[PDB]
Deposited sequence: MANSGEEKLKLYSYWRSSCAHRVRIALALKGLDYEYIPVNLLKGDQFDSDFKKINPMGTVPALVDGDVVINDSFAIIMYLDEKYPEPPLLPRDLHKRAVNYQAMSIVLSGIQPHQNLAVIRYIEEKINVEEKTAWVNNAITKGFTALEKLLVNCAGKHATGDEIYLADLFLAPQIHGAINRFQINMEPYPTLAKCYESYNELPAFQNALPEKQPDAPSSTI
């Protein structure tokens, strides 16, 4: 019985929710309101000593970090694979992951940090033929791109026309249930329509 400590608006938790949905894995969604500071609660700290969200609990095992959680899921529950067979395409997926993870993540506001990272991702992925980031199946890069692009568009009003490959990728996720289900607005702790 997996548990996922998640916050509806966290892009890192969004990545993990896609992975769980693509693996067909059921889990208990445990909301952690990051705006309200619920991650500094001492009982939560008891269960999740690292203190970060997302956090996956798999029995006695607690995994933090979106990338480490996703790799643990892919290695424990291999089907469908989140990495391709081709060593070069696997390297592109890891590079795309790292630009998002460590490149970008960390009147009107102009966000050119995104410009910079999206330019690199476009540079990296434009030569990968296919429906999604690296081919016609969904892989690790796609789980990193979807939440990043959703956040760029919804929080920074970034225009995606300068990044046609990225735009293709993001449009390609609109019909995939695993991706639709994992969206921030669909989560149990998301702001209501009621």
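Unmodelled segments of the deposited chain, in sequence order: 1-7, 114-132, 221.
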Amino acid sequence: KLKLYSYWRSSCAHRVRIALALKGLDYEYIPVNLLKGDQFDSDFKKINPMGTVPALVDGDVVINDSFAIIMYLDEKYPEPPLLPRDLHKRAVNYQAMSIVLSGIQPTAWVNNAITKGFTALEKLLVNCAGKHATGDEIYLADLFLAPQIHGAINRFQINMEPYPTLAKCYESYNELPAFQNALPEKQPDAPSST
From here on, numbers count along this sequence of modelled residues.
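For the segment pair 168-176 and 15-23, the entry gives 168-176 the higher mean B-factor, averaged over Cα atoms.
Judged by mean Cα B factor in the deposited record, 29-37 ranks above the other of 144-152 and 29-37. In this entry, the residue among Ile99, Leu82, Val92, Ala108 with the greatest C-alpha B factor is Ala108. Of the candidates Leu56, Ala68, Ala133, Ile47, the one whose C-alpha carries the top B factor in the deposited record is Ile47.
Among all modelled residues in this chain, the alpha-carbon of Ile63 has a temperature factor (C-alpha) in the middle third. Annotation for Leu125: C-alpha temperature factor in the middle third relative to the rest of the modelled chain, per the entry. When the modelled residues of the chain are ordered by C-alpha B-factor, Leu73 sits in the lowest third.
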